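Take any residue in the sequence shown, count from 1 to its spot, add 391: that is its number in the authors' numbering.
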Amino acid sequence: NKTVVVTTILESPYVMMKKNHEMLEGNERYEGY
């Protein structure tokens, strides 16, 4: 088993930067549908 690399785009409200994305790393930087 390996970590699956997911390509995505920053498009609201599918993928957005969390308010404190700069205090967050990896997947935690992003939020959205």
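The beta carbon of each residue, even a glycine, is placed where N, CA and C say it ideally should be.
Near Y424, which residues of its chain fall below 6 Å by C-beta distance, leaving aside the five closest residues on each side in sequence?
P404 and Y405
Tell me the DSSP secondary structure of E422 in three-state form.
strand
Which residues DSSP lists as bridging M407, in chain order:
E422
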